[PDB]
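The lines below spell out each chain.
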Amino acid sequence: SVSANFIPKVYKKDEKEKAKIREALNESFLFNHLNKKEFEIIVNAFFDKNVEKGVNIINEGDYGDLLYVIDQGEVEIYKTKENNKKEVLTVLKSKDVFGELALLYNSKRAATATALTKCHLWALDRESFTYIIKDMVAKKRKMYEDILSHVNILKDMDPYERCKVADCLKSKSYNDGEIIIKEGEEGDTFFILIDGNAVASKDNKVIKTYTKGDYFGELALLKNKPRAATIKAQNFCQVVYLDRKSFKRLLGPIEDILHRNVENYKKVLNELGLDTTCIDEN
Ligand SMILES: Nc1ncnc2c1ncn2[C@@H]1O[C@@H]2COP(=O)(O)O[C@H]2[C@H]1O
Ligand SMILES: Nc1ncnc2c1ncn2[C@@H]1O[C@@H]2COP(=O)(O)O[C@H]2[C@H]1O
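Residues numbered from 1 in each chain as written, not as in the entry; some residues may be left out. Chains lettered and ligands numbered in written order. Heavy atoms only, no water. Residues with missing side-chain atoms left out of burial classes, pairs and counts.

- The name the PDB entry gives the protein is CAMP-dependent protein kinase regulatory subunit, putative, with Plasmodium falciparum as the organism.
- The deposited PDB record carries the title "cAMP bound PfPKA-R (141-441)".
- As stated in UniProt under Sequence similarities (unreviewed entry), the record for the protein gives "Belongs to the cAMP-dependent kinase regulatory chain family." (UniProt positions renumbered as here; feature names shortened; annotations may be inferred.)

Below is the structure:
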């Protein structure tokens, strides 16, 4: 049932279902950037769609009118290449979002989405998405998409996965002399330097210099220890950063690289006669 410029629609939902939608959208950085008021407009504008196992919810190539959030069930996303060689991009489950690209970029569906089980989906129409959400998401991606493709650790990531990093980024600048990370302090944040110069030290010995595209502050996140080193700006630095939960959601596909760079730290620390127990885990 529908309850009564752009005027949002309100589709009748129990508070129990509304709480599930809020959970899913607060997890998604496509959405959790909205104020309380606008957020609730979006929650109310979702309607539902039930789909049998085996149904292609979306076909690679179609025009795009809705995005979807999974309530229950599992959805495989794939591309069909070559000699009908199915190429599975990913498997999506409860709370996952898909179908945003057509609404974001007015483009043919980039892949096929197939229900692997029966699915209950919540659907958001193009109109609600474009009025409420599109502009700010598109501009944040425009601001960072290119920068991120030149960050060396992110270069081995799918472009689709990388645009998601843009969605959850926060921005901050530091002045000459300002301290970004202090040795011994508790921290929960992963950093990329996007402009300027900074320097890392431990027990007042210099252990690394940083320039544009470098990252730091991952060690406290990979190890659950206090910051292992002090990092200081040397000019007008601009950084972007991720919180711990975004870091472990997004930079899973590059754990292996991060851990490898961690053992170069080890060689530096052993050379300078510094503490190497900050590398091991506790
Ligand atoms: N690697 C990927 N490339 C493109 N789309 C993807 C990928 N992984 C998941 N998807 C989702 O699959 C959807 C297919 O339709 P859309 O292109 O509108 O939006 C797409 C994304 O939500
Ligand atoms: N040799 C090194 N050993 C440990 N950390 C280093 C080294 N060189 C640079 N760093 C960085 O300094 C950061 C300080 O905070 P974290 O320990 O979270 O993560 C650390 C690394 O990103």
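So, helix α4 (residues 126–149)
- Taking 1.5 Å of rise per residue, 24 residues should cover 34 Å, yet α4 covers just 28 Å from first to last C-alpha, more than 12% shy of that figure.
- When α4 is considered as a whole, its buried residues turn out to be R126, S128, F129, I132, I133, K134, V137, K140, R141, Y144 and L148. (Helix = DSSP H or I, 4+ residues; strand = E, 2+ residues; numbered from the N terminus. Expected span 1.5 Å × (residues − 1). Buried < 20%, exposed > 50% of the residue type's maximum accessible area, 1.4 Å probe, protein only.)

Some points on the site of ligand 2
- Taken together, 15 residues sit near ligand 2, with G217, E218, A220, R227 and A228 positioned nearest.
- One of the backbone N or O atoms of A228 is found 2.9 Å from an oxygen atom in ligand 2.
- Here an oxygen atom of ligand 2 sits 3.3 Å away from a polar atom, N or O, in the side chain of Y265.
- Put simply, the parts of the chain that give the shell around ligand 2 at least two residues each are β15 (205–210), α6 (219–223) and α8 (255–271).
- At 3 residues, the largest contribution of residues to the shell around ligand 2 is made by α8. (Near = heavy atom within 4 Å. Polar contact = N/O pair within 3.5 Å; in protein donor to acceptor, adjacent residues only side chain to side chain.)

Some thoughts on the UniProt feature "binding site: 3',5'-cyclic AMP 2" (unreviewed entry) in the protein
- Mapped onto this numbering, the UniProt entry annotates "binding site: 3',5'-cyclic AMP 2" (unreviewed entry) at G217, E218, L219, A220, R227, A228 and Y265. For this annotated set, covering 49 residues, all C-alpha atoms fall within 13.6 Å of each other, a compact arrangement in space.
- Topologically, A228 is positioned in the loop between α6 and β17 (230–233).
- Taking relative accessible area as the criterion, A228 reaches 18% and is therefore assigned buried.
- Discounting chain neighbours no more than four positions away, the residues touching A228 are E183, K202, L219 and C278.
- Note that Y265 resides in helix α8. (Contact = heavy atoms within 4.5 Å.)

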